[PDB]
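Each answer follows from the model by the rule given with it, or from the source it names; no laboratory instrument gave them. Don't worry about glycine lacking a Cβ; one is built from the backbone with ideal geometry, like all the others, and counts go over all protein chains shown.
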Amino acid sequence: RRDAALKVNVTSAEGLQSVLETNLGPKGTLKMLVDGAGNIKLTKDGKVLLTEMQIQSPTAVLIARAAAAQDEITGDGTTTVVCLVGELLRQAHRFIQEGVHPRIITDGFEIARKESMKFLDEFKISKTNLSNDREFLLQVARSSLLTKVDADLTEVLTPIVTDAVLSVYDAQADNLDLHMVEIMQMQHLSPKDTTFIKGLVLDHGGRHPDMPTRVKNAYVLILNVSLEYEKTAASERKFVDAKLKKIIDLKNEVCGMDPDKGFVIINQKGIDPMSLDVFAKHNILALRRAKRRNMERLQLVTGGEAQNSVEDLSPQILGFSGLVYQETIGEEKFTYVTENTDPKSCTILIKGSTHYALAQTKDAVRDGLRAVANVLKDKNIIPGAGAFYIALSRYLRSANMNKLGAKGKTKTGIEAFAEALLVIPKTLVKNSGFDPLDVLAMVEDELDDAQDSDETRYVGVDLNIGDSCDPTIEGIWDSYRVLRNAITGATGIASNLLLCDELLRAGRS
Amino acid sequence: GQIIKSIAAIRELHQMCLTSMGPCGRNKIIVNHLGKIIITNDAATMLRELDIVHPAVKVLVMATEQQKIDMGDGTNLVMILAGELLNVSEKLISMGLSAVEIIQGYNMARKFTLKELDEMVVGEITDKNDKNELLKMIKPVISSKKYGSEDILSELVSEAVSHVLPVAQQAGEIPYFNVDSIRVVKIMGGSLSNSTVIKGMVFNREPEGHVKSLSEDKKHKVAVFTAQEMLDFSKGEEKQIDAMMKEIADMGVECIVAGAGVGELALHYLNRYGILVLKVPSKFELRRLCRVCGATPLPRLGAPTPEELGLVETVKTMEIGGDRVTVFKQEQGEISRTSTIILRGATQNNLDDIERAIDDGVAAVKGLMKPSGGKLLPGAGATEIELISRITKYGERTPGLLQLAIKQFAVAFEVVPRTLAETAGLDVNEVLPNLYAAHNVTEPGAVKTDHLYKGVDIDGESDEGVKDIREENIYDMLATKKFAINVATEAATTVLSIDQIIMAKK
Amino acid sequence: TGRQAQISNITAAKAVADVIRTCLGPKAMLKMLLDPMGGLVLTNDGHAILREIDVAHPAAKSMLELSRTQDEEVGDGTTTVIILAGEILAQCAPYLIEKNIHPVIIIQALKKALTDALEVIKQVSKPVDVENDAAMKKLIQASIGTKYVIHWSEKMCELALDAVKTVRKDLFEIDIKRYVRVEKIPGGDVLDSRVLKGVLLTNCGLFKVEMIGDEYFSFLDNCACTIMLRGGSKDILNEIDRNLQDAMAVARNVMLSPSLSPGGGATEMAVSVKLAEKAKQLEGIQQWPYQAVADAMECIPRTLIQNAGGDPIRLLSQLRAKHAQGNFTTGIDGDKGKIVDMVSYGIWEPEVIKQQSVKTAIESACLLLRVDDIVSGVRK
C-alpha cells in the first residue's frame, strides 16, 4: 500500500541537519572528533566530520558521500548545501503527504533549478582582476577566515593568503595549485605567531652548530654523489679532501674579494662532521639526507641543478637566493631560504601548541588560497552576507501572468523552493541568538524600498549587531562557479531522496 | 483493521450459509453455555444462538430481523447475497475505489432490479382456494428449508389451510389473517407416514379424573374462568365450593376452563359432578381458547352466565400418539378456524426443522393476500441468471465509474448457481456452460424460451444441466426477492460506512 | 503446501513487480537498497536490483534468469515486463485458489491468449521504410529521452545507425552485426567523434597516423566498420555504451520488424480493449480466465498514471474508451498523464518489443503455474 517509507527515511535524515544547524556562519561553533587512540581533531570541514561520524540510519550515510564532490566546488562552508536540502525535504512533507505526487513536485524544482541560474546570471557582478587591487583581495580573505577562525587570527593570515595568491599569477591567468604545496607544521609559540615565508623550507639541517645563521647571497647546488665515502683506510679519507679542494676552488673563483656570499651543499647521504670544520672558515652550508621530492623543487625555485661529480664545476649550474637565514629549534635544525632565482613558490610557516590547534589553520589556508584563486580565475563574484537568499526567493515568489512556466502542483513547487532558500539566513541569526523575523523587517523589507528608487542594491545581514549591512563594505563575496554547482548540485543530491519510493532491506546473504 | 478483519469473519459465515441453502444443503450443530443442542439450516436461528465477539460482522446478524418481520423466508438467500456483495467489493477496495461510487453503484442497480421483476413476472393464475396452488407454494421451500420429504408435508398443509380458509368467494375483502392458525406438535416416535391432520387444534396435556368423551351430548355447554374455631374456615370453604360447583353441574356444563390456581377441595367436587377442568393454561393457549370458543373468562368462582358459553361438536380424550390426551379438536361447521397438523417422528430435531418449514409456509399465504399478489419468479437459481444479462446491459447503457460497481454486482450472482454445485459436490465449472446454454448468444424470437421456461434441476440430469421448472413447479417468491435485495444493499453499505468502534465507560 | 505453497509464490512475484512499477518511463522513480553488509545501491534500473538482492522465495529466483533473457534483446523498458507475469498470478486468486481452476486449463487459456495477442500485434502493425535516415534517427532517439544525452545524441546516434547498416544488409536479411569494434577514448568533448569506414588496425586514398594517448591509427582498405568514441568525461563511457552499443537493439528490431507500435506503454491499451471483445466470442468454460487476462493488461499502463500522479480508475475510463471506439492509434502521455495520442507524441516502437514481452511472459507464467509446491532441506 503506497510507500509511507519516505517520511520515515527523511525523519531519520532530519537529524543530520539538526547536528549541522550550528555549523553555519562565522558565529558557529567547531565540531570535535575523537578516536579510541586519543587523537582529537577540531574542525568544521564536512568531509572530515561526515567521514568519521557513523550514523545508525544508513539513509544519511549515503547522502554524506555526495559531499566529497563539494571539495572542488566549494570547500569552505559545505554545510550550507546540507542545511539547504534539509528544509527542502520538509517543505515536500507539507505537500506529498497531502496526496501530491513526488514526481509532479520534483519537476517544479527542476524548472526553478535552471531558472535560478538565469536569475543568477544577471545577479552576479564582474570585477577587474588584472589591476590586482588589494582592496578586493583583502575582502575575499575575510569572506573565508572570518568563517573559519576568529578576528585575532583574521588579521594574521589575511596578508599571508594575500601574499600567497599574488605569488602565483600571470597576465594570462596561469595558476597551479601544485606549485605551492609544502607547508611547515611546527609545535612552538602560539597559532597567532605564524608568519608567511617567501621561499621553500627544508626539515633537515647540518650537524655543525657553528655554521653561519645568516647568509646574504647563497648559491644552491644539488649534489648527487655523496661527499663522504661509504665503503671500498687512509686513501678513503684522501678522496674526500680531493673533493673538498674543488669546493674551495669554486668558492674563491666566483667571488674572491668580499666574503658577502655563500654556498649551499645538498647531499643525499650523511657527511662526516670532521670535514665540516673546513666549511666554517669559508661559510659554506651543508645538508644531508635530503628527500627526492625536496630536491626536485629546488631546481624550479633556487635555480640549481643536480651534479654528480665535483671535478666539473661551473657557475652556470649554480642558483642564487636573495635572503638566507637559519634557525635551530630543539634538536631539529631548519633552514629558511627566500628570494630565490624563481620566487613564484612560497611556504606558510605555522607554529602552535599541538596538532590539535594546528589542524584549524592548515585546513583554513589550504582551501582559502584556492577560494581566492577562483576570484582571479573567474572574475564574476556573487554578493555574500546572505544577499542572494532573499533575492533568489523573491524572483520566484512573484510570478502571476508574466513569468511562471508551471501549472497546478508544479506551480507550488516553485513557491516551495522560494521558502526553502530562507532556512539558511534564519539559521545564521539563530546560532547567534537572534530572531530571524525581526531581521527580515530591516533586510528583506529594505530591498523593497530600494526597488522603488530605481536603483540596484544588494543588502546583506550583519551577524554582529543583528542588522542589515552592505556586502561590498563588509567584504563578504563568493565566486560564481562556487555557488553555481552548489545550488544546482543541491537539487540533484536532494532529488536522490525525493526519487526514492521506499527503503527495502535485502541484498547478498 | 475493519474491512480485512470483517471479510475474514464474512468469508467464515458466508461459507457456513453457503452449504445451508439448496436441496443438497447441510445443517449444523450449535451448543450454548447450557448444553442445548439445536440442528437447523436457518441462518436467523443460527446466528441468534451463536455468540460472536466481532462487533463489525454483527451488522448481518441484526439484519435478519428485517427479513423475518417482512417475510420470514429466504433468510439463507439474504446472508449469501449480502455476504457475497461485500466479498466481490474487496477487489474494488484494493483498486483504490472510494465507497461513494460503491454505495451508489448498489443503489443504482437495486432500482434496476425492481424494474426487471415486474417485466419478468410469469404465472399469474390467481387462485386462492385451489389445493394445487397450495402445493405450488409449499414445494419450493425444500431449498432453504428441510428437503427430506415434500410429499407428505405438502398434503397436510394444503388440507389445513383449506380447512381454516375464510372462503368468502369472489370479493370478500377479508382482513386480519391468522398466522397462529397453523400449529404442530412434536411427538417422539413413529415415522412421517403416521402423521395426519385434525380439523381441530391439539395440545399436549394429560387427563386425570374422568377421561370421558362427553361430546355426544348434542350441543353441550362449556364454561371458561379467568379448637373448634379452626373449622370455621374449613367448613366455610366446603359450603361455598359445593354451592358453586353444583350450580355449574345443574346447568349441564361438562367441561370448564380454570386459568388460576386450583386447590384440593375444588378438584374433589369435580369428580363427583363429572366436570372436566384444564390445568394451568399458558398465555398463548388462553388467547386461542377465548377467541375460538367465544366465551368470556369470568373471574367469579360462582355460576357463569349460561348465555355465553363454549361449544365443541366432536372431541375425544382417547389416545393419539399412544397416550391419552385431551385436545381442542372440533369441526369447522359450528366453530371457527385455527386447526392443527399433528407430526410424527423419531428425532425431535427433525421435527423442529419441519416446524420452521411449515411456519415459513404460512408467510407464503401472507405474501399472496396482503399485497396485490405474490406473483412468481424462476426458481432454483434461474432468476439470477436472468438478472446477469440485464445488469450487464445496464453497464454499457450508463458509462462512468459505476461500471466497476455494476461489474462486481453481476459477478456476485455466481454464488447462487455455485450453491447447487458445491452442496452436491459437483464441479461448478462443468455446470456453468449449461447455464449459459439456455440464453445462448441472444434470446430467440419466441416468447418464454428455454432460459425463462426451463431451469437448473440436478438429480440425474447434471450432464444436461437444464430442466423444466413448470412441471416441477419450482419458483421463487417475488416479495422475498424484493426484500432480499433491500436488506442486502442496506447491510452491505452499512459495513462500508463503519469507521471506528467506540466503547463508552467499559 | 499444495495450494498454500502457490499463494506464497504469487505474493513473491507480486512484491517484486510492485517495486519495478515505478521503473518505467522517463518519469521512472528510483529505489534504495540496504544489504546486511551495509552497502547502499540507488538506481532506477531493475537489472542490477534483481542481481544484488538474494531473495528467500524460490519462485522469485526464476525471475532473475528471465530478466537476463529480456535484457539480452533490448534491456531498456523490458524489465517492467515481469509485472505482466505477476499480474496474471494475482489474477488467478479468484480462480485458482477459489474456483479451483486447474492450472493447465489456465495454461490452455494462455495459449489461446498468446495466439490472439499476436493477432492484435499485427493489427497495430505500422510498417515504415528503413531507407530514410531521418525516420530512423527519431526511432533510436526514443530511448534517449530518459537521459540527458538527448541534445548530445545529435553527434552520437548518427554513428550507430550508419555502422549497423553496413554490417546488416541482407543474405532473408539475417546477418551478424557483432563484427563491429567500438573503441572508447576517455577525456575530451562528447561532440568530437571519428568517422571511419573500413577495418581499424585497392587504390587506397591516403594513409596517416594520428596522435592519441591510447594507441595509434591505422587504416585497412577492403574490397566491416569500426567506431571510435571520445567521451565528454572520465566515467561517462559507461552511459555512452548504454545509449549507443546497447541502442543497437533498435537497429536490429527495425530490420526484423519494420512495423511500429505505440511507444511508452501505449501499446497494451488497444490490446486490453480488443482482448475483452475476443473473449465474448469464445463462449466456453475457459472464457472467464481468458477474459480476466485483459484485467491484467490494464495494470501495466497504470504505472504511468502512478508516475504521473493521476487516478488510474477515473483516467482510464476515457482512455480505454478511445482505443475501443475511436481508433487503436491513440496513446497515453507518460510525462503529464494526458490523453494526447501517439500520433503527435512522435515516438513509435517496433512490434517485436511487445512480441518478445508477451511471449516471454506467458512462457514464464505457465511454468510458475506448473509448480505444485516447493520443498527445502534436500542437502544436495
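The table that follows gives values for the structure above.
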read-out	value
Residue list for the stretch B:88-100, restricted to those being surrounded by 19 or more Cβ atoms within 10 Å (Cβ to Cβ) and either among the aromatic types (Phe, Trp, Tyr) or not in a loop (DSSP other than H, G, I, E, B) (or both)	B:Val88, B:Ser89, B:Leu92
A:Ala420 being of a type in the set (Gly, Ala, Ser) and closer than 30 Å to C:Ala308 by Cα	yes
Residue count, the stretch A:15-34 (criterion: part of a loop (DSSP other than H, G, I, E, B) and touching a strand residue (DSSP E or B) at 6+ places or on another chain (Cβ under 7 Å))	1
Some residue of the stretch B:44-56 being surrounded by fewer than 15 Cβ atoms within 10 Å (Cβ to Cβ), among the small types (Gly, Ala, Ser) and either under 11 Å from B:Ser144 (Cα atoms) or in the same structural domain as B:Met79 (by CATH) (or both)	no
Some residue of the stretch C:75-92 being surrounded by fewer than 17 Cβ atoms within 10 Å (Cβ to Cβ), more than 9 Å from chain A (Cβ to nearest Cβ), acidic (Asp, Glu) and under 26 Å from C:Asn253 (Cα atoms)	no
B:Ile335, sole failed condition from (1) within 14 Å of chain C (Cβ to nearest Cβ); (2) in a loop (DSSP other than H, G, I, E, B)	(1)
Filter result for A:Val100 (assigned by CATH to the domain that holds A:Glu419, part of a loop (DSSP other than H, G, I, E, B) and in contact with a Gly (Cβ under 9 Å, 6 or more places away or on another chain))	yes
Some residue of the stretch C:122-136 being surrounded by 18 or more Cβ atoms within 10 Å (Cβ to Cβ), of a type in the set (A, V, I, L, M, F, W, C), over 19 Å from C:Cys299 (Cβ atoms) and away from every other protein chain (no Cβ under 14 Å)	yes
Matching entry among C:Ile49, C:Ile7, C:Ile20 (being touching a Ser or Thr at 6+ places or on another chain (Cβ under 6 Å) and either part of a helix (DSSP H, G or I) or away from chain A (no Cβ under 11 Å) (or both))	C:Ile20
Scan of the stretch B:414-436 for residues that are assigned to a loop (DSSP other than H, G, I, E, B) and either within 9 Å of another protein chain (Cβ to nearest Cβ) or among the acidic types (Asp, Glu) (or both), ordered by number	B:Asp427
Candidate set from the stretch B:284-317 (those that are of a type in the set (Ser, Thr, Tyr) and closer than 19 Å to B:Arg205 by Cα); member that is surrounded by the fewest Cβ atoms within 10 Å (Cβ to Cβ)	B:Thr314
Considering residues of the stretch B:416-459 that are farther than 24 Å from B:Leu18 by Cβ and among the small types (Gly, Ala, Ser) only, the residue surrounded by the most Cβ atoms within 10 Å (Cβ to Cβ)	B:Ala437
Qualifying position, being hydroxyl-bearing (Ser, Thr, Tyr), assigned by CATH to the domain that holds B:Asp476 and surrounded by fewer than 18 Cβ atoms within 10 Å (Cβ to Cβ), among B:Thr398, B:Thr383	B:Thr398
Search result, residues across the stretch C:127-159 that are closer than 18 Å to C:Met342 by Cβ, assigned to a loop (DSSP other than H, G, I, E, B) and within 19 Å of the chain's Cα centre (by Cα)	C:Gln141, C:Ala142
Residue count for the stretch C:163-196, restricted to those that are outside any loop (DSSP other than H, G, I, E, B) and not β-branched (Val, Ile, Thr)	8
Residue ranges of helices (runs of 4 or more DSSP H) in the stretch C:272-344 with at least 3 members more than 10 Å from every other protein chain (Cβ to nearest Cβ) and among the aliphatic types (A, V, I, L, M)	C:287-297, C:312-321
Failed criterion for A:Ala69 (all others in (1) under 30 Å from A:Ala173 (Cβ atoms); (2) away from chain C (no Cβ under 14 Å); (3) surrounded by fewer than 18 Cβ atoms within 10 Å (Cβ to Cβ) hold)	(2)
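Condition check ((1) acidic (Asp, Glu); (2) under 25 Å from A:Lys403 (Cα atoms)) across all residues:
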site	(1), (2)
A:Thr59	no, no
A:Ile63	no, no
A:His101	no, yes
A:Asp107	yes, yes
A:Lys114	no, yes
A:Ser131	no, no
A:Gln139	no, no
A:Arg142	no, no
A:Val149	no, no
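Yes or no, residue by residue, for (1) part of a loop (DSSP other than H, G, I, E, B); (2) within 14 Å of another protein chain (Cβ to nearest Cβ):
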residue	(1), (2)
A:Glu87	no, no
A:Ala92	no, yes
A:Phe95	no, yes
A:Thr106	no, yes
A:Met117	no, no
A:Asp121	no, no
A:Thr128	yes, no
